[PDB]
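Just below is one structure, and these are the notes that go with it.
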Amino acid sequence: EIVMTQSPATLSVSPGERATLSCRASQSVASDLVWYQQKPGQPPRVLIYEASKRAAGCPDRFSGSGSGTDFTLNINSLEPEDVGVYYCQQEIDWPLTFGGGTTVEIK
Amino acid sequence: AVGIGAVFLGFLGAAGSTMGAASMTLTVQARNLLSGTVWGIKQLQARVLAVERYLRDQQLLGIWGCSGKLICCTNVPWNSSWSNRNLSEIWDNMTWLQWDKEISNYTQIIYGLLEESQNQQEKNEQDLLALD
Amino acid sequence: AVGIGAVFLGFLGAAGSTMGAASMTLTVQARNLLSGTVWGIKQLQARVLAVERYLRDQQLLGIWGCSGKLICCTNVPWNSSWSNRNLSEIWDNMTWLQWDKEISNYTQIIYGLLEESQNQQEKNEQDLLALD
Amino acid sequence: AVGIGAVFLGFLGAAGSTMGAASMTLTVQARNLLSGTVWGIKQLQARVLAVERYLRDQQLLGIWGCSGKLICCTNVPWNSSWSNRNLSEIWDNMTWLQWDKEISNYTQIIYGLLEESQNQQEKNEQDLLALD
Amino acid sequence: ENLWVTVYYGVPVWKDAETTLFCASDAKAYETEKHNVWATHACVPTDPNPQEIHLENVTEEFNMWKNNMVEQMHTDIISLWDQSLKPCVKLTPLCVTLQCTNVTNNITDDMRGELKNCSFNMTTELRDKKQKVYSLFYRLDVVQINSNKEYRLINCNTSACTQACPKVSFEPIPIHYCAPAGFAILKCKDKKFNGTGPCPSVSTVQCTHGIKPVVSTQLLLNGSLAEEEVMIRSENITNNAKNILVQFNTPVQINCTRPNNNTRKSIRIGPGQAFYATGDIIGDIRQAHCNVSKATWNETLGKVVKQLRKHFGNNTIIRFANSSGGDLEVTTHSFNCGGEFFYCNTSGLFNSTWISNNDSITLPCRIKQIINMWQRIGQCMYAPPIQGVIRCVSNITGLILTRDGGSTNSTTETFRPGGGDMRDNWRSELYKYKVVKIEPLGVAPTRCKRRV
Amino acid sequence: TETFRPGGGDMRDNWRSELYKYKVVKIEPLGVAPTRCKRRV
Amino acid sequence: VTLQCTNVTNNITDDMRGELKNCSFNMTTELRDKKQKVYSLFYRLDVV
Amino acid sequence: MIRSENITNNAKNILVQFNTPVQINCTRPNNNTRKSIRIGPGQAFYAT
Amino acid sequence: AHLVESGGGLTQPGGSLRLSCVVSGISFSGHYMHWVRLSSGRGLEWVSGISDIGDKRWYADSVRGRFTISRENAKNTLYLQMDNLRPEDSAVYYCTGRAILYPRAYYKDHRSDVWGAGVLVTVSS
Amino acid sequence: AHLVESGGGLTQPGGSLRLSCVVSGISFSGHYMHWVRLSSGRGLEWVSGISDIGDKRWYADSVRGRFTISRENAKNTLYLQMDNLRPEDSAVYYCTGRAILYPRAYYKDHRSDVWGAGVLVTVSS
Ligand SMILES: *[C@@H]1O[C@H](CO)[C@@H](O)[C@H](O)[C@H]1NC(C)=O
Ligand SMILES: *[C@@H]1O[C@H](CO)[C@@H](O)[C@H](O)[C@H]1NC(C)=O
Ligand SMILES: *[C@@H]1O[C@H](CO)[C@@H](O)[C@H](O)[C@H]1NC(C)=O
Ligand SMILES: *[C@@H]1O[C@H](CO)[C@@H](O)[C@H](O)[C@H]1NC(C)=O
Ligand SMILES: *[C@@H]1O[C@H](CO)[C@@H](O)[C@H](O)[C@H]1NC(C)=O
Ligand SMILES: *[C@@H]1O[C@H](CO)[C@@H](O)[C@H](O)[C@H]1NC(C)=O
Ligand SMILES: *[C@@H]1O[C@H](CO)[C@@H](O)[C@H](O)[C@H]1NC(C)=O
Ligand SMILES: *[C@@H]1O[C@H](CO)[C@@H](O)[C@H](O)[C@H]1NC(C)=O
Ligand SMILES: *[C@@H]1O[C@H](CO)[C@@H](O)[C@H](O)[C@H]1NC(C)=O
Ligand SMILES: *[C@@H]1O[C@H](CO)[C@@H](O)[C@H](O)[C@H]1NC(C)=O
Ligand SMILES: *[C@@H]1O[C@H](CO)[C@@H](O)[C@H](O)[C@H]1NC(C)=O
Ligand SMILES: *[C@@H]1O[C@H](CO)[C@@H](O)[C@H](O)[C@H]1NC(C)=O
Ligand SMILES: *[C@@H]1O[C@H](CO)[C@@H](O)[C@H](O)[C@H]1NC(C)=O
Ligand SMILES: *[C@@H]1O[C@H](CO)[C@@H](O)[C@H](O)[C@H]1NC(C)=O
Ligand SMILES: *[C@@H]1O[C@H](CO)[C@@H](O)[C@H](O)[C@H]1NC(C)=O
Ligand SMILES: *[C@@H]1O[C@H](CO)[C@@H](O)[C@H](O)[C@H]1NC(C)=O
Ligand SMILES: *[C@@H]1O[C@H](CO)[C@@H](O)[C@H](O)[C@H]1NC(C)=O
Ligand SMILES: *[C@@H]1O[C@H](CO)[C@@H](O)[C@H](O)[C@H]1NC(C)=O
Ligand SMILES: *[C@@H]1O[C@H](CO)[C@@H](O)[C@H](O)[C@H]1NC(C)=O
Ligand SMILES: *[C@@H]1O[C@H](CO)[C@@H](O)[C@H](O)[C@H]1NC(C)=O
Ligand SMILES: *[C@@H]1O[C@H](CO)[C@@H](O)[C@H](O)[C@H]1NC(C)=O
Ligand SMILES: *[C@@H]1O[C@H](CO)[C@@H](O)[C@H](O)[C@H]1NC(C)=O
Ligand SMILES: *[C@@H]1O[C@H](CO)[C@@H](O)[C@H](O)[C@H]1NC(C)=O
Ligand SMILES: *[C@@H]1O[C@H](CO)[C@@H](O)[C@H](O)[C@H]1NC(C)=O
Ligand SMILES: *[C@@H]1O[C@H](CO)[C@@H](O)[C@H](O)[C@H]1NC(C)=O
Ligand SMILES: *[C@@H]1O[C@H](CO)[C@@H](O)[C@H](O)[C@H]1NC(C)=O
Ligand SMILES: *[C@@H]1O[C@H](CO)[C@@H](O)[C@H](O)[C@H]1NC(C)=O
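Residue numbers (our numbering), protein chains in the order written: chain A, 1 to 107; chain B, 1 to 132; chain C, 1 to 132; chain D, 1 to 132; chain E, 1 to 452; chain F, 1 to 41; chain G, 1 to 48; chain H, 1 to 48; chain I, 1 to 125; chain J, 1 to 125.
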């Protein structure tokens with residue numbers, strides 16, 4: 001299966017500063033990569049589906065880009081509400097595995 | 001493109017949306033216009049009335065320059081006496097029902113310039129100026 | 001372009017008129033071609049016959065390259081064995097009813113000549129190099 | 001009159017052949033589809049269904065971009081869930097009947113993609129292209 | 001690798017479906033002014049040159065026992081027979097008491113107690129006056145109620161008969177059931193087709209051949225013959241309750257006649273309603289009979305037994321017995337000879353045994369006028385008499401056999417004539433046809449996209 | 001006071017209590033509207 | 001026909017007093033020549 | 001829910017719709033016997 | 001094509017007048033009807049006008065409110081009511097109609113500008 | 001657009017459980033449904049996946065064969081009938097729905113991605 005390798009598990013940044021995330025891949029994923037947010041005690045919801053386009057209700061700070069193997073997630077303004085765990089999961093092969101998990105804590 | 005599904009809009013789904021957003025659902029409402037003895041004549045006249053309405057719509061569409069055409073541009077000029085309001089108030093600020101209520105008086109006039117002053121003139125020019 | 005009405009020509013309004021002048025009433029004759037127990041099944045049969053007679057005028061026109069076209073060019077020569085005059089004595093001094101009254105036998109062999117030398121002859125030339 | 005002799009295969013004659021050979025006889029099974037008290041009710045009920053089935057076929061051929069084309073090229077990509085055979089196992093090892101029994105569940109995902117995601121996009125893209 | 005969906009219109013693709021089928025007939029039997037019970041003047045004129053198109057490498061499955069064409073045909077037969085009687089006289093004042101004497105008059109050789117000379121009180125044009133008229137009814141038409149015995153008709157307890165129209169003719173003429181444009185009728189051209197399973201030779205004829213709506217029980221009359229051998233078609237050959245339809249390679253000629261010279265007399269039973277009754281038979285009175293050639297019938301039964309050895313047992317003896325019992329439509333062989341309804345005994349034909357190691361067979365018939373057709377208790381039709389000597393020549397082109405419970409497994413197979421169900425009569429000619437709907441739309445991937 | 005007595009008689013009032021929320025409309029798919037777009041020659 | 005009716009007053013009824021009528025009448029049989037003499041119970045709202 | 005056309009006018013009916021269904025049981029405390037009296041050819045008259 | 005008129009006369013100021021324009025020949029339903037009066041010093045000046053489809057009545061800047069224009073497509077008549085008169089309205093009134101024959105290439109002259117015989121109205125004390 | 005899933009409980013290993021996810025609001029027959037479990041260390045592990053049109057089912061390599069999935073479109077219910085349990089399967093399970101709303105410019109968000117609240121499955125001896 002297409003294994004997913006993510007960023008280091010902590011990138012705790014003080015709010016008001018731009019945070020940059022990424023997650024790698026084994027072989028080519030093309031344009032089918034999404035991102036999720038799981039708050040503690042809440043079910044996860046999507047942010048950037050098809051690796052470029054925002055979802056409904058998501059603010060302008062959440063932006064993602066990338067193609068092929070390496071993909072980037074860009075958070076323009078960090079908020080204390082935006083605490084959660086970051087995941088990316090491929091959608092070009094069949095098993096659909098998820099990311100390792102990146103937890104950002106509020107400073 | 002592997003875990004995705006398929007959910008469509010549905011018939012008359014964008015009736016409350018603006019015409020700029022309900023201009024891209026025309027294929028959804030263009031399907032249910034045809035849908036394929038004691039009291040078997042209400043099921044037999046209903047299957048001829050729909051055929052007659054669909055064929056009337058297709059022939060009215062085809063006597064213009066729009067054959068098999070959902071969004072068809074014509075160079076018939078828009079008159080200011082039919083609707084005084086301009087763009088960005090029609091496509092972003094009204095639905096299709098309000099525009100239909102506005103334009104229902106002049107629809108016979110608009111059909112007359114799309115027939116007479118456009119098609120039988122553009123086709124006469126095609127066989128004259130061009131194609132000798 | 002303001003303060004003037006719009007009156008349209010009625011059905012069959014250019015019946016007695018020259019063919020060049022009656023070539024601008026094709027939308028007039030084509031719009032009113034569909035018109036929107038006891039004493040119930042006969043007019044149902046008449047509506048079905050009117051629909052099936054609206055077809056085979058769009059299916060004879062449709063098999064040739066003239067579907068959706070009011071004035072259609074065809075690559076079929078006009079031989080002089082049929083009733084032929086100059087174009088000044090046909091399109092300027094002669095009605096459509098008189099033209100139908102002269103060629104009443106040769107119209108059937110024209111339809112056989114439009115399915116043989118127009119299509120299935122040029123169609124095979126297209127089929128020589130069809131898909132690129 | 002060069003070339004003498006005339007033998008046709010007949011209606012539905014390529015049904016046992018593969019799709020790569022039965023896709024070359026599409027004119028034969030298209031021209032013969034319409035061709036223009038009891039036994040007065042069943043004759044009436046039959047030539048209503050004969051027109052309805054033809055017009056449902058032509059509406060679903062006119063809302064996609066294939067108005068009058070026997071072989072029609074579209075813009076939707078072929079997703080791998082519908083069939084995993086790479087062309088050869090389809091056009092040279094399979095007839096059209098087996099293809100119908102294979103893609104029978106996905107006759108509504110494909111049709112909706114032909115209509116809404118592409119044809120309703122293509123007319124709007126042509127609208128914005130001819131706007132300026 | 002970059003596969004785009006493409007639309008093909010006119011692909012050879014069909015699925016099985018049920019749809020209404022109109023009528024078609026030859027113009028020779030269509031322009032005539034003599035009206036038929038099976039309305040044919042409203043049928044479409046048939047094609048002078050039908051298109052019979054053979055399909056190569058098409059293996060389609062037919063099922064004659066789940067065939068919707070037979071049910072649609074049976075509905076049309078019942079509808080036509082219902083609407084052809086509406087214009088004729090309602091014989092509701094015929095239900096009176098009858099004083100009948102046995103016709104022991106001037107021959108009475110073997111027609112001992114069949115013909116009855118019945119005199120009854122009848123109304124006339126004036127409603128306050130009554131007339132005393134007489135008619136000659138059959139024994140099957142009257143029943144006693146408790147010399148000049150008191151009688152009544154057999155129908156007056158169950159229904160009220162409608163007299164058949166005297167100008168229409170119950171003559172079966174060929175009917176072509178044709179499918180609407182956009183549909184097709186497949187045809188199994190296989191000669192070894194037993195009625196079910198895959199058929200390797202399928203032909204897409206535009207519509208069927210001429211199917212004569214012949215009314216028959218226990219002897220399938222003139223129609224389509226088998227091509228090579230005697231064919232046995234059954235829904236379940238290991239079942240004792242399934243009818244055994246048999247086709248014939250060669251037709252067996254049967255001659256049926258009525259030696260009586262009947263006379264029709266008009267009895268005016270109201271203002272414009274006339275009851276056409278039997279008058280007096282002049283000349284000779286004899287029992288109506290059908291003769292089957294003994295040399296032809298023995299060879300035909302020998303071909304039936306020989307092809308029945310494959311299905312049951314190759315050393316098992318085959319014995320033909322007469323009918324078990326029941327109503328007269330099931331017990332005896334019924335048909336329609338010129339408007340006169342026969343009910344003929346079949347004990348002469350089905351009486352043989354067959355070990356694995358030039359005359360005629362006269363069948364004594366029994367003519368009945370008040371009949372209960374299509375087994376509908378509540379509707380009856382009075383057949384008016386036909387004057388003169390009638391004679392029919394017919395082809396026995398099949399059988400309907402019913403097998404009894406197998407005694408001691410496979411020891412002896414007793415076959416008796418069955419019938420009764422009229423869907424088995426149309427199944428002998430509609431077995432090779434089935435109706436499919438045609439979907440010309442088809443999507444298939446290629447490497448070509450639309451040139452924008 | 002307001003004295004109320006039961007009615008009946010008109011049988012259509014029984015089915016007005018079931019068909020009050022439904023109504024039938026005909027649908028016209030043809031429509032004209034101005035844009036800046038014009039067709040070619 | 002001319003229905004000859006009497007009050008029921010059978011069992012003990014209940015004071016259904018004058019509601020049911022025991023009507024006897026001449027009705028035609030299947031044969032037109034003969035007649036029957038049958039009886040039937042009719043409600044008071046049906047008979048006049 | 002109370003529905004009316006012109007509820008200020010007394011000549012218009014008032015269609016009241018209920019929220020909870022009031023159950024009603026209705027019965028006939030009589031064991032009638034259907035008796036078939038044949039009145040013609042194929043006709044019957046079922047009487048009490 | 002004859003636009004016959006009637007009504008009017010001599011009336012004191014403040015009176016009420018109605019002018020009737022019964023039409024013939026031309027199609028009254030698709031004709032844009034006007035009312036133009038011809039006076040000495042100011043000849044052939046516009047007063048009123050009604051549309052062919054709709055019941056929108058456009059009036060002039062000076063005479064707005066003092067005239068009411070109406071049409072009836074059944075009796076094929078055109079009306080103009082004359083209430084709250086002023087002594088500058090003594091003029092002959094012309095009933096005229098305008099329409100564009102739409103075949104346009106079939107009709108050599110597509111201008112259907114029909115006029116009528118005017119009726120003279122005058123107002124004075 | 002609410003997924004009231006239930007089930008779960010405390011069971012010895014080798015037992016069987018039935019998680020029923022009840023679907024309301026969205027079009028259930030057109031949605032591609034999967035099953036995602038979450039435990040400590042195994043962040044959102046995939047379990048199963050079922051199609052919307054057709055009955056093709058796809059399972060993860062670790063849980064293939066032991067587990068079964070089904071749905072009824074007339075009932076709007078999705079079942080993951082667990083069988084032959086292992087102690088590493090102790091996780092909270094999310095009823096996941098995925099569909100693209102194919103009029104993709106009328107819908108500015110042409111992606112559902114609505115997931116259930118989550119029921120906890122605890123297996124231990
Ligand atoms: C497209 O193909 C993938 C791979 O089989 C499948 O998982 C997905 O559901 C398909 N999507 C559609 C809309 O057919
Ligand atoms: C054109 O439309 C805009 C709406 O954005 C409006 O503000 C403007 O006044 C309009 N112009 C005219 C001349 O109507
Ligand atoms: C536009 O409408 C006016 C009506 O006020 C009419 O006079 C004019 O002729 C129309 N324009 C065209 C091009 O017909
Ligand atoms: C009738 O003939 C005259 C010939 O001058 C022509 O002007 C007129 O247009 C013709 N009729 C019509 C109204 O077409
Ligand atoms: C014109 O007619 C002549 C004789 O009728 C025939 O020989 C010739 O082929 C015809 N022309 C065409 C193009 O068919
Ligand atoms: C027909 O008229 C045209 C006039 O443009 C002339 O050039 C041509 O030679 C004429 N043809 C015949 C056959 O008279
Ligand atoms: C058409 O046929 C009729 C009858 O044969 C004949 O009188 C007429 O002249 C023919 N037409 C022409 C143009 O020759
Ligand atoms: C796809 O199938 C074709 C069959 O001709 C074959 O040539 C090709 O190698 C296949 N592609 C793959 C990736 O297996
Ligand atoms: C039938 O199959 C054979 C063998 O593949 C082939 O030669 C023949 O052309 C096929 N027949 C048809 C329907 O063309
Ligand atoms: C039947 O009886 C009548 C008298 O009732 C008699 O006139 C007639 O000859 C009889 N017919 C026969 C065949 O006995
Ligand atoms: C007919 O009625 C008369 C009396 O009107 C009676 O004498 C006669 O016997 C009846 N005939 C029958 C019942 O055949
Ligand atoms: C009919 O023949 C087919 C083979 O074509 C066979 O499979 C089937 O069992 C047969 N049925 C009977 C009832 O003999
Ligand atoms: C009976 O069969 C013979 C063939 O032996 C045939 O010639 C004749 O026409 C048939 N009679 C019918 C079908 O009435
Ligand atoms: C035929 O009959 C046998 C025995 O009566 C029965 O077991 C079987 O199910 C029947 N049907 C078939 C073979 O389709
Ligand atoms: C039937 O009659 C025909 C002539 O009418 C004769 O040739 C044939 O042999 C007869 N058949 C029987 C079975 O009597
Ligand atoms: C003729 O029939 C008898 C029985 O009636 C039978 O024994 C004999 O075998 C038959 N003849 C032939 C040739 O089958
Ligand atoms: C029946 O036995 C005969 C031998 O006389 C043989 O020719 C035939 O093939 C057998 N049929 C079977 C076993 O089905
Ligand atoms: C059948 O034949 C037997 C003679 O064994 C006879 O007793 C019986 O009545 C006959 N049944 C019928 C219906 O002919
Ligand atoms: C038929 O014939 C048999 C024996 O010849 C006889 O017993 C029987 O009564 C006859 N009639 C019927 C209706 O079976
Ligand atoms: C069968 O025929 C034989 C001789 O022809 C006869 O003795 C026997 O009674 C007949 N049986 C039946 C049931 O007809
Ligand atoms: C039958 O009777 C009629 C008169 O009713 C007579 O003309 C005819 O010749 C008779 N036929 C025979 C065969 O006796
Ligand atoms: C009605 O009266 C008849 C006598 O005409 C009697 O036989 C019957 O029992 C009575 N019915 C009741 C219910 O008393
Ligand atoms: C029935 O008829 C008899 C005479 O037959 C008569 O006495 C009696 O009154 C009749 N019953 C009625 C009229 O209810
Ligand atoms: C029904 O409700 C509407 C809106 O609340 C209101 O305008 C109308 O007057 C009401 N009609 C009646 C009869 O209460
Ligand atoms: C309702 O009734 C009142 C008087 O009863 C009446 O004045 C009014 O016009 C009616 N219609 C309405 C309110 O629509
Ligand atoms: C449409 O026509 C009606 C009736 O003539 C009128 O009441 C309405 O104001 C008109 N609407 C427009 C927008 O012109
Ligand atoms: C279509 O659906 C049926 C039943 O849902 C299934 O058996 C069949 O395999 C499906 N087709 C494909 C190509 O998966």
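Where is the CB? At the ideal position from N, CA and C, for every residue including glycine.
Residue i lies in the beta strand (DSSP E); which residues open and close that run?
i: E:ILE317; result: 317 to 320
i: E:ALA24; result: 22 to 25
Counting along the chain, where does the alpha helix (DSSP H) carrying residue i start and finish?
i: D:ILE110; result: 109 to 112
What does the Cβ neighbour count give for residue i, buried or exposed, with the cut at 16 atoms within 10 Å?
i: G:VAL47; result: exposed
i: E:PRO445; result: buried
Query raised in the report: When Cβ atoms are compared, which residues of the stretch 81 to 101 of chain A fall closer than 8 Å to chain B?
Result: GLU91, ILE92, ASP93, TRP94, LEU96
*What are the complete alpha helix (DSSP H) segments, minimum 4 residues, inside the stretch 372 to 427 of chain E?*
Listed in chain order, the complete alpha helix (DSSP H) runs (minimum 4 residues) inside the stretch 372 to 427 of chain E are 423 to 427.
Review point. So which residues touch the region around ligand 13, with touch meaning a C-beta under 5 Å from any heavy atom?
Key: Counting every residue whose Cβ lies closer than 5 Å to a heavy atom of ligand 13, we get E:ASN222, E:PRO251, E:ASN395.
key: Members of the stretch 48 to 59 of chain J near chain D, C-beta cut-off 7 Å   = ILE53, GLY54
Item to complete: Report the residues of the stretch 71 to 103 of chain J with a CB closer than 7 Å to any CB of chain D, ordered along the chain.
Response: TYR102, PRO103
Note to self: Quick check on the contact list: which residues have their beta carbon closer than 7 Å to a heavy atom of ligand 16?
What the structure shows: Listed by position along the chain, the residues with Cβ atoms less than 7 Å from a non-hydrogen atom of ligand 16 are E:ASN298, E:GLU299, E:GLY302, E:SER352.
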